[PDB]
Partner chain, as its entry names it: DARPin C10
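The data below hold one chain only, encoded as structure tokens and taken in the form deposited without the partner chain.
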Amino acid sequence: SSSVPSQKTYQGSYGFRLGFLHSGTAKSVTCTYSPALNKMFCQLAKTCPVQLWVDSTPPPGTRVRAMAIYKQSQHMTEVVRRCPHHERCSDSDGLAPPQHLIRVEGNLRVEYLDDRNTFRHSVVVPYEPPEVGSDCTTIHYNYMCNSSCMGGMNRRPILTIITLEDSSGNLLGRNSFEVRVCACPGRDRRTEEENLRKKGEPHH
């Protein structure tokens, strides 16, 4: 890609990554992410638990921002906006505006990006040192827009990139994952893993 920046995960000097709690589905689960494909399956507006793990010392005041992009190369130049019905349905919820489908829980000093010259959409969160018992930064992400939203994604998946850097602007730990909401996380993971397993059969 020459137009938009690269989407390569860092996990370098800090070997920091995003950990999503997974659990085998029996018929219908909440959060189901495929490790092999690094894809996440959730329900519309369902809580998406994300864990920020690191290996080296991260700045006492590191800023970790998460942005949603159009991984769909066929529409990578198609930025996702807020639907007119989604903006008219609700106005205020938890400090997050309808314009942004991404939401953060347990926020302290977060800021929503929206440059008037670039019109970029991304949320930034302040560093919160690990707690005796976790050793990782637990951030809860909520998406108020599923791929089903013909007036939003239009059957186009989106990839979220969580970057952790200093105020000076130095990426220390930044990775990206795929988010798929369709009120069927266990059905998407079981159907994607079960359908992808066979990979064709008849043909002619």
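Positions refer to the first chain, counted from 1.
Missing here is the form deposited with the partner chain bound; even so, the following discussion is about that form.
Residue contact check: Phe41 to the partner chain in the deposited complex, 4.5 Å heavy atom: No.
Contact of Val54 with the partner chain in the deposited complex (heavy atom, 4.5 Å): Residue-level check for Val54: yes, a contact with the partner chain.
Any residue of 16-46 that, in the deposited complex, places a heavy atom within 4.5 Å of the partner chain: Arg17, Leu18, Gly19, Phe20, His22, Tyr33, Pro35, in sequence order.
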